[PDB]
Amino acid sequence: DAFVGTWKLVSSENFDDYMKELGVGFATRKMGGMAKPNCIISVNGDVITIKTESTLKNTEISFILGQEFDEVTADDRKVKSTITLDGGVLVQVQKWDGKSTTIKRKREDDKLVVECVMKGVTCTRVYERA
Ligand SMILES: CC(C)(CC(=O)O)CC(=O)Nc1cc(Cl)cc(Cl)c1
């Protein structure tokens, strides 16, 4: 839809602080911090797929809006995720060990903007079309 495409990370703010708040250790934060992944979003019927590709780590999720699914995250959390579409924003919540984090993906001019919140930390990542 508005989201379908191949997207390249161009800017990131507060990602280390976000990863620290999730409990990610030094080595994994170090491998994630300077990475510039591609995000590839596609849709087939009811099923949306989001691939994240980077030199040292790839991940993929496929889901139906409003249907909880199990996910292994790039930092190896085993989470339960639910993704909904609210006002044109794709809103993902991940739940694990009594904690939650929310990841919101929105389209703003030429940008795919991703806002990641864990407790008091808010990280913003900006992608542009490859
Ligand atoms: C939602 C998220 C936290 C942020 C975003 O979508 O931008 C997911 C993300 O970036 N995962 C990720 C990061 C690296 Cl560095 C490499 C690989 Cl494979 C995956």
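We're sticking with Swiss-Prot numbering for chain A, so the shown stretch reads 3-132, in order.
We read in the header that X-ray crystallography, 1.3 Å was used to get this structure.
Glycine is treated like the rest: Cβ placed from N, Cα and C.
Per Swiss-Prot, the features are as follows:
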- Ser13: phosphoserine (MOD_RES)
- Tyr20: phosphotyrosine (MOD_RES)
- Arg127, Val128, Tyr129: fatty acid binding site (BINDING)
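Distance from the CA of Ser13 (phosphoserine) to the CA of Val128 (fatty acid binding site) is 5 Å. When the recorded positions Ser13, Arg127, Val128, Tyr129 are checked against ligand 1, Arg127 have a Cβ within less than 6 Å of one of its atoms.
Its own atom aside, the Cβ of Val128 (fatty acid binding site) has 17 Cβ atoms within 10 angstroms in the protein chains shown. Every protein chain considered, the tally of other Cβ atoms within 10 Å of the Cβ of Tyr20 (phosphotyrosine) stands at 24. Cβ neighbours of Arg127 (fatty acid binding site) (same chain, under 8 Å, six or more residues apart in sequence): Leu11, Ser13, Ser14, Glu15, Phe17, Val115, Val116, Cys118. Summary of the fatty acid site environment: with the site residues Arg127, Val128, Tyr129 set aside, the chain residues having Cβ atoms within 8 Å of the Cβ mean position are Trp9, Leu11, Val12, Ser13, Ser14, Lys113, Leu114, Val115, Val116, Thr126, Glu130. In this structure, the C-alpha atom of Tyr20 (phosphotyrosine) lies 18 angstrom from that of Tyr129 (fatty acid binding site).
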